[PDB]
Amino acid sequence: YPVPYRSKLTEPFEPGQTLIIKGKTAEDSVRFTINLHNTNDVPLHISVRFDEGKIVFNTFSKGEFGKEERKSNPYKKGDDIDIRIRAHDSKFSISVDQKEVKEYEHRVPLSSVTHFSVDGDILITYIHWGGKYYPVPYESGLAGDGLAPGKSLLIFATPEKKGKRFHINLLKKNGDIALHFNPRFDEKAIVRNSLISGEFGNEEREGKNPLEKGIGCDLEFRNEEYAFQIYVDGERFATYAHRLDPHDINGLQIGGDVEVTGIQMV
């Protein structure tokens, strides 16, 4: 990720899809920009300003910017930034550190977004775009090799602000559940378990629930040779020793009070 970083979308930026930019700032950093544009028009321009202590949202169109809209920059110079832009049919939804801080209504057609560019006083460390509107409860097959050792499932989700629990199931053909992952806010813990031949095993719930209602999170289930390695927001939250053959895990369920915005198999 050198800057200026420019990237080329393969298909339209569509409702349901999220663009994620993470990065590092310096102690002399002044401003960095994120633009969604074509090739000219900039349907969304984001200027994070440490000089003014604001984030500035705008649209460049017909050779000129329009009226600015502003929000408070929660970032002090130095320290990491996490900016996520989800396109909808009427607006972009922008979240800072996985908390929504701005709705920005379309001013020109979202379908003009063919590129994005990051620039300025930022050391970029992570970019990704994709996602869709994932209906919940969710249920899908997993590719072919499914989720096998050496592969990881990456789930982007947002626990509902007034929810009490939600669950992710990693399944095998017979309907066995190799890992049931069940954050429960009313017990301040995340239950992990397996469902073998219709019966649930013990219940590993050790650890501090790092999730927070209304705050997006990054969930990663790294299938390894002897255990799952479960990462939450970039740090290992638990390991779960395999109670079944960890090959042939080809099903995925998601239920409960959760909004899911991203699934990627890695």
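One rule holds for the numbers: they count along the sequence shown, beginning at 1.
| task | Using the PDB record, quantify the missing residues of the deposited sequence between residue 39 and residue 40 as none, 1 to 3, 4 to 9, or 10 or more. | result | Some 4 to 9 residues are missing between them.
| request: Please work out which of 102-110 and 70-78 has the higher mean CA B-factor as recorded in the PDB entry. | output: Of 70-78 and 102-110, the stretch with the higher C-alpha B-factor average is 70-78.
| request: State which stretch shows the higher mean Cα B factor in the entry: 6-14 or 251-259. | output: Result of the comparison: 6-14.
| query | Between 94, 171, 168, 196, which one tops the list for C-alpha B-factor in the PDB entry? | reply | Each of 94, 171, 168, 196 was compared by C-alpha B-factor; the highest is 196.
| query | Of the choices 180, 151, 84, 162, which one's C-alpha carries the largest B-factor in the record? | reply | Each of 180, 151, 84, 162 was compared by C-alpha B-factor; the highest is 162.
| In terms of the CA temperature factor given in the entry, to which third of its chain does residue 118 belong: lowest, middle or highest? | Ranked within chain, residue 118 CA B lands in the middle tercile.
| query | What third of its chain, lowest, middle or highest, does the C-alpha temperature factor of residue 52 fall into? | reply | Highest third, going by the recorded CA B-factors of the chain.
| Entry-reported Cα temperature factor of residue 43, expressed as the chain third it lands in | CA B-factor rank for residue 43: lowest third.
| field | residue 130 - which third its CA temperature factor falls in, relative to the rest of the chain | value | Within its chain, residue 130 is a middle-third residue by C-alpha B-factor, going by the deposited values.
| message | When the deposited Cα B-factors of this chain's modelled residues are ordered and cut into thirds, is residue 225 in the lowest, the middle or the highest one? | response | Residue 225: CA B-factor falls in the middle third of its chain.
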